[PDB]
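One chain comes next, on its own, written as structure tokens: the form deposited without the RNA.
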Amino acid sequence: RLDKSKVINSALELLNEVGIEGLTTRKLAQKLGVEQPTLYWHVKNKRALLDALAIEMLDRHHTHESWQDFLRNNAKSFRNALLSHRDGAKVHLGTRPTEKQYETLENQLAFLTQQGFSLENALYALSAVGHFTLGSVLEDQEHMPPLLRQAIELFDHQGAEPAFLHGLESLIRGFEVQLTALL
């Protein structure tokens, strides 16, 4: 009952109950019904616990024939992983990368380069899909004149996914225009 997977699941469950600020090892201990120094045998502190959480979320969702398809699905599965739990995005911030994740980075780069992306452009492209996705979820995860009214009605009805996808599409097409030779 403090097998790794149970600690993690319990922590994730806690995150949804209390969010990132609320979550503390003391409470984790209490949830699991063990004494804090027992938990502490398994889990140094809060940073260590966030790190595993970030990784685990990514492992359930980061499960992803052209580069425009890879980019897009990539962004999507990342978005889903951050959405998966309360404050997922804040959680993911300032996580230190794993051995596999650098492997993957190398792969993605080898692939995009082998589609006649310069390495520079390879990086710029990942980077920017990266930032934009994170940017979106952070904001999605927070808390009288006419255009603003229509804009409430508008977003009331659609939520964040249609905008998010749009952006992403604009992004990748901006990249496509990059890809063609001069200017």
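One rule holds for the numbers: they count along the sequence shown, beginning at 1.
Compared with other deposited structures of the same protein, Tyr124 does not meet the criterion of being unmodelled in at least one third, since all of those that resolve residues on both sides include it.
Gaps at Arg149 occur in at least a third of the other compared entries of the protein that contain both adjacent residues.
Counting the unmodelled positions of the deposited sequence between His143 and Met144 gives a long gap of 10 or more residues. According to the entry, the deposited sequence has no residues without coordinates between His42 and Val43, so the chain runs continuously there.
Averaged over their C-alpha atoms, the temperature factors of 110-118 and 131-139 are higher for 110-118. When the mean C-alpha temperature factors of 163-171 and 6-14 are read from the deposited coordinates, 6-14 comes out higher.
Remark: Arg86 belongs to the middle third of its chain, ranked by C-alpha B-factor as recorded.
Ranked against the other modelled residues of its chain, the C-alpha B-factor of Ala125 as given in the entry falls in the lowest third. In this PDB entry, the Cα temperature factor of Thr38 sits in the bottom third of its chain's modelled residues, the lowest group. Ranked against the other modelled residues of its chain, the C-alpha B-factor of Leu49 as given in the entry falls in the lowest third.
As for the form solved in complex with the RNA, it is not shown, yet the points below apply to it.
Comment: 39-47 is the region of 131-139, 55-63, 39-47, 115-123 lying near the RNA in the entry with it bound, near meaning a non-hydrogen atom within 4.5 Å. Looking at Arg26, you'd find a heavy atom of it within 4.5 angstroms of the RNA in the entry with it bound.
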